[PDB]
Structures are given as C-alpha cells and as structure tokens.
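All remarks here apply to the structure that follows.
Because only heavy atoms are used, hydrogens play no part in the values below, and waters and symmetry mates are left out as well, while side chains stay in. Below, chain A is the first sequence line, B the second, and so on; all start at residue 1.
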Amino acid sequence: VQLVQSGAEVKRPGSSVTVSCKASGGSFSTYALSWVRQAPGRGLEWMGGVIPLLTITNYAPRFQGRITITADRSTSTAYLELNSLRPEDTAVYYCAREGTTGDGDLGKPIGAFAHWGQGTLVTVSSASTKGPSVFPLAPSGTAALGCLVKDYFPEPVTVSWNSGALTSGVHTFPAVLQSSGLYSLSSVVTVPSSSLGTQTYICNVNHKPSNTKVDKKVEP
Amino acid sequence: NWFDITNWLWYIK
Amino acid sequence: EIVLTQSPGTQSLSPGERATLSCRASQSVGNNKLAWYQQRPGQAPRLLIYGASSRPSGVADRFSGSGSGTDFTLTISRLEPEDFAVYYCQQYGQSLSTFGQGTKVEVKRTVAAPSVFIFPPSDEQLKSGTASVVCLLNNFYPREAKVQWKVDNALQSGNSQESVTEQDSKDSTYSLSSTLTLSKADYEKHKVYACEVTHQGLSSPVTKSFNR
Ligand SMILES: [Cl-]
Ligand SMILES: [Cl-]
C-alpha cells in the first residue's frame, strides 16, 4: 500500500484548496481513508475521513461546514477540499489509511492509521514568490560564522556548506515568518579560529521557486 | 462508530 | 469531544532506559480503540500500537501498549537512539477521533551553557536600507533559554524573531538563532547593540555586544 499526495500549494486567504491522495495496493473501496493535518511546530489533528464504497463521510465538528472529502474509485484517489482558508490553515496535510491485521493488505481493518502519504504543505498567504538575499555572518579556540538568508517566499530553502563537504558543527535553523509574510533563516558553523586564514567557507543556498542559487563565500 | 464500519464490511464480504 | 492528555509533554531520558508515557482520556474510550504513533522531524507519523495493546508485525517488540477505559500507557522497554522522537496517542472509539498533544522523548545529558556570538549587519545588507543583527546561542542543554535584545540599554520588543534546532544526534545539545531587524535609518540612531542570554548553565546572564 502506497499513498501519494499532490505537491505543495500556496493559496490566498479566503480561497479553497484541493489535495489529492492516490492509493495503490490493498483494496481502495472498503478501507477507511482519513485526513490529518499538522500546523508548523504543532500536533496532529484529525479532520475527517471517507469510506469510498458506501460514500460515507465523517467530519470533525470543527471542520463540518468547511471540508469536503470525496473518493474516486476509478482512480483509487481521495480528495480533501478545505474552504475559506485562513493563515491558521497553513499546515502539512496527510492522508492516512487504516491498517489491516496480519501480513499482506486484504486483512481485517484495524481503524488506526497504518499507511500515511508523504504530506502536502499548504501555505495560506497573500505573498508573492520572492528569492532571498544572502548575507554573510562574518567570523569576529573556536569561531562562529554563517549566512543570513533573508526575505524569501515560499518555503523551502536548502543550505549546504562547501557543497556538502562541511557538515560537522553546521546548524541550519528553522525559518521564521516575518511581518511582511516573507521568511528568513540562518545557517551557521563553528570552526577552529586557526582555520580562518587558510580555509574557505561557502554557504550554498538554494531557493527553487525563485531560482535563487547563491554560493556565498564568508570571510573575516 | 464510523471507525467500525469497514470491519462490518469486511466480515460480510 | 474526548480530550486526551499526554503529561508530561516532554521526557528527558538516557539511552537504554525504560520509558512509560501516559495518555489519559476525559471519558471512557470505546472498545479501547486507542492508538500510539511515533513521529520524527520531517517525517510522517508511524503507527506503533492499535486497540490499546496490539502491535503491527513490523514494529519493534520493545514497544508495548497497556491500559483501558481512560488510563493508557505506552512502554518502551529500553530506549534505542532512534526512539528519541515524538509520541502521540489517538482515540477512535467514536466517530470524532482525537489526538493527544504529543510527548517528546529527548536525550538527557549534562547541563551545557550556550556559547554566545553576536553578528553585526553585513555591509552588503546596509547598502539596501535594512539592518539585521544576529545572536547565536550555540550547543546548550537543556532546551530552555532566553534572549533579550538591548539597544543602548533599552529592552527591545516586537523587532526580533528566533528559532531552535532539533536536538543534535551526536552531542544532544540545542542551538538558537535570534535576529533583530531595523531599518538602516533606525539602526544608525543608536550605538550599542547587545544580546543578553539566560540559561540554567549560566550563573548570571551573559551579554555579547558591539558598538556600531
Ligand atoms: Cl475560515
Ligand atoms: Cl519500530
């Protein structure tokens, strides 16, 4: 059993989002498919589910009026629609199917969620795609240095150092969302003070949505 | 309990 | 609505130790339909126990579930490195399924004070009309720490944001980055930029600063 979800989406406040979940393996029509979301740094929240064969939906009261869950047996695909979106709906949305007892996947259903999709990040925002500025955090036994990756949208950004050769003592921080609705993150590394004259440190920043690929050399 | 439905479906199939 | 309470929300334990995690329900859970999931950062959750005490074949037998009614327990007989993660309980004994708020099992280690570093804004950034000052608190334990920014000794509010890394897999510490952001014009009105750090490992606050 594999559940594969549609890709990340950015949605304006007040709009509606549809996320899909295509299942392969087991039996689509007679096992219960649910949707569970997780807002950044927060817990899991069950939203609702569907049993396709009967068309039987079951929505958490908190989303009853905003959510529609549908299932297309001809493609083994389930759909979450969430309406009237607000920034607090920014989250990773997971589809999850109940497990079956024993080996294989035609056993008696267990209710609990054994099979999970990869998640779909839905970002609710009025911001437009923007690539970051990349600024050095120059170094003043041990020195710290880094890069500030400022004012980008949407997530994600990846950072490596020295094209992946440098990983010891690297700390790349979770982004923060500024008042502007743009993200900022930092990445730092600690190194021996004596390496600063001889060794080169380069932060490799990649923001795919804006095609911003910067290899910033950071020096004293 | 909606979470018991598919169990009933299984048993009758 | 059944409220599931997982308390404490964090447990600091050592590798090899036993862990018992509590899930208490506001009302009796129907037919003991109580599941436990593990979740690691960046990953989907994974089912460990269902029906209070049943374990799917693939799940390590060091995990066990017990209890009934309103009082459930996940036991990890001996913690492996990979067991340091977040654990959620879930009830599905009525049509409204609910989850607890999660318990993070983290690695206990010796107290470590942060190494603190302050970084002025780059010349490149200043050119563009904005100034960001960054304070790094590196490799501390436990996770609780506070950063206050002071500008010519005035406590700042509303112009900084911070974030924290996941516990490091090798040394079991945390690090924290805070950025103070001002317009260039506002940055140039002041002299001393300081970040003041409080942590269990420090007998009094540590300040790093620079005079622009
Ligand atoms: Cl709304
Ligand atoms: Cl396992």
| query | Hey, mind stepping through A:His171 and C:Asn139 against side-chain hydrogen bond (donor to acceptor under 3.5 Å, both in side chains) and telling me if it holds? | reply | CA-CA 10 Å; A:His171 295 296; C:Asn139 300 346; 2.9 Å; yes
| request: Please report the C-alpha distance between C:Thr130 and A:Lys150 in whole Å, then the side-chain angles of each, then the deciding distance to 0.1 Å, and finally whether the side-chain contact (heavy atoms from CB on, under 4.5 Å) criterion is met. | output: CA-CA 11 Å; C:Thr130 304; A:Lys150 181 161 164 60; 4.1 Å; yes
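Minimum interatomic distance between C:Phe119 and A:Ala144 (heavy atoms only, all atoms of both residues): CE2-O, 3.6 Å. Of all heavy-atom pairs spanning A:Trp116 and C:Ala44, the tightest one is CB-CB, 4.1 Å. Minimum heavy-atom separation, A:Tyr94 to C:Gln43: OH-O, 3.6 Å. Shown here for C:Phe99 and A:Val36, the closest heavy-atom pair between the two residues is CE1-CG1, 4.2 Å.
For the pair C:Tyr50 (side chain) and A:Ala114 (backbone), a donor-acceptor distance under 3.5 Å is absent.
Contacts of C:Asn138 with chain A are made by side-chain atoms alone, with heavy-atom separations under 4.5 Å and no backbone atom involved. C:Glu1 does not touch chain A: none of its heavy atoms, backbone or side chain, sits under 4.5 Å away. A:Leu177 touches chain C through its backbone: at least one of N, CA, C or O sits under 4.5 Å from a heavy atom, while the side chain does not. Using a 4.5 Å cut-off between heavy atoms, C:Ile118 does not touch chain A at all. In this structure, chain A has no heavy atom under 4.5 Å from any part of C:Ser54. If you measure heavy-atom distances from C:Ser57 to chain A, the contacts under 4.5 Å come from the side chain alone.
Within 6.0 Å of atom NZ in C:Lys184, more than 12 heavy atoms from other residues, nucleotides or ligands are found, so the atom counts as buried in its surroundings.
Side chains of A:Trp46 and C:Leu96 form a contact here, defined as non-hydrogen atoms less than 4.5 Å apart. Two residues are said to be in side-chain contact when any heavy atoms from C-beta on lie closer than 4.5 Å; A:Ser133 and C:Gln125 fail this criterion. C:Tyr88 is listed as a side-chain neighbour of A:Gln38, based on a closest heavy-atom distance under 4.5 Å. C:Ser175 places a side-chain heavy atom less than 4.5 Å from the side chain of A:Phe173. Side-chain contact check for C:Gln90 versus A:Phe113: some heavy-atom pair is nearer than 4.5 Å.
Among C:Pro45, C:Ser132, C:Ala35, the residue with the largest count of heavy-atom pairs under 4.5 Å with chain A is C:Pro45. Annotation: maximal heavy-atom pairing with chain A below 4.5 Å, among C:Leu136, C:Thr179, C:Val86, occurs at C:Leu136.
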Under 3.5 Å donor-acceptor pairs involving side-chain atoms of residues 205-212 of chain C, not counting sequence neighbours:
from: C:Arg212; atom 1: NH1; to: C:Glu188; atom 2: O; distance (Å): 3.4
from: C:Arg212; atom 1: NH1; to: C:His190; atom 2: O; distance (Å): 2.7

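Using non-hydrogen atoms only and a strict 4.5 Å limit, the part of residues 155-167 of chain C facing chain A consists of C:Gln161, C:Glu162, C:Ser163, C:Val164, C:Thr165.
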